[PDB]
Each structure stands twice: as C-alpha cells, then as structure tokens.
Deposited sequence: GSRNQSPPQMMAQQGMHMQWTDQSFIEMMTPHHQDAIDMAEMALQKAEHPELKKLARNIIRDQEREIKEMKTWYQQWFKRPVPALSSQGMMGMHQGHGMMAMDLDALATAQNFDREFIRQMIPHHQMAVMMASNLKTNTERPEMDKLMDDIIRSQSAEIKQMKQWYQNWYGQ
C-alpha cells in the first residue's frame, strides 16, 4: 500500500534506472525503434522525476531522500533483446505501483501522474513485446 510519500521515494530511483538504461540505448541500440523508445523514456521519465521532486518538497518540507542490471545489458550480444527483457517487467512494476497509489491518493497532482505512468508505460510494454516477437520470435 503506497502513499504519496513512499511512492515518490521509490518511483524516483526506479525512474532513474529506466533513464540510465535508455541512455545506454542511445549508444548501443541496434534497432531505430528502440532508440526512439529510449528518447521517449528519457524525456517522459526525467520530467516526472522533476515533478515528483518539486511536489515532495512542497508537501513534506524536505527533499526526496536518496534493481536492473546495467552490466548484463552492456555485455549482451543482442543489446535490444536484453534491454527488452529487463525493461518490460521494470515497466510493469511502475504500472502496478501507479495503479495502487491511484486508489490511495487524494492529490490531483498524483492522480494525473498515475494516469500518465499507466498509459505511457503500458503502451511501451505492448510495443516492446511485439518487437521482441518480430526480432527474436
């Protein structure tokens, strides 16, 4: 059961992990589709980290207090395959957390953010699943 506070505390580094992996994709991705996805992840999730940080300090009067395998990704023969393998369940975790917080929060800021996370990351999961089939199925 997430609260606004615990959600931000956990979703911030969770998002940062996705961003870090997407950054690696800018260099190492094989398919242009994956590079485009990576750019979207960086743009959307950096923005959301910024919003969460701003709100956290407003609401709690203090800054946000400080799981994926980048090593495995960097050495994979197929970067895109390993990226998808890790990013799908990572995204699924975000969707799960967001869906729960949506039922717990009273804040319009969080309600809208949850909708964005659920919509965008669900769509990206669908894309990645199809690409995986096309490329490796």
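**Student:** Checking coverage: what stretches of the deposited chain sequence are missing C-alpha positions?
**Tutor:** Coordinates drop out over 1-18, 85-100, 172.
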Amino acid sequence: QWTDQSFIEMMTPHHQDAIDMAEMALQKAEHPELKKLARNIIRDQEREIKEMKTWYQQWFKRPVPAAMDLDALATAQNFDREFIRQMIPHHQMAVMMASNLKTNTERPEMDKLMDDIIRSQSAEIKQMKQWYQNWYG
From here on, numbers count along this sequence of modelled residues.
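So that the term is clear: the rigid core is the largest set of C-alpha atoms that superpose within 1.5 Å between two forms.
**Student:** For a rigid core alignment of each structure in 4 other deposited structures of this protein onto the shown form, which stretch has the higher root mean square Cα deviation: 47-55 or 75-83?
**Tutor:** Output: 75-83, the stretch lying farther off on average in 4 other deposited structures of this protein.
**Student:** At least a third of the other compared entries leaving residue 67 unmodelled, is that the case?
**Tutor:** Yes, a third or more of the compared structures omit it.
**Student:** In the PDB record, does 81-89 or 103-111 carry the higher mean Cα temperature factor?
**Tutor:** The deposited B-factors put 103-111 ahead on the C-alpha mean.
**Student:** For the higher mean C-alpha B factor in the entry, choose 70-78 or 44-52.
**Tutor:** The stretch with the larger mean CA B-factor is 70-78.
**Student:** Just say lowest, middle or highest third for the CA B-factor of residue 64 relative to the other modelled residues in its chain.
**Tutor:** Its C-alpha B-factor, which the entry lists for residue 64, ranks in the highest third among residues of this chain.
**Student:** Classify residue 7 as lowest, middle or highest third according to the C-alpha B-factor given in the PDB entry, relative to its own chain.
**Tutor:** It falls in the bottom third of the chain.
**Student:** Can you tell me whether residue 28 has a C-alpha B-factor in the lowest, middle or highest third compared with the other modelled residues of the same chain?
**Tutor:** For residue 28, the deposited C-alpha B-factor lands in the highest third.
**Student:** By the record's CA B-factor, is residue 120 among the lowest, middle or highest third of residues in the chain?
**Tutor:** As the PDB entry reports it, the C-alpha B-factor of residue 120 lands in the highest third of its chain.
**Student:** Considering only modelled residues of the same chain, in which third does the CA B-factor of residue 98 rank: lowest, middle or highest?
**Tutor:** Middle third.
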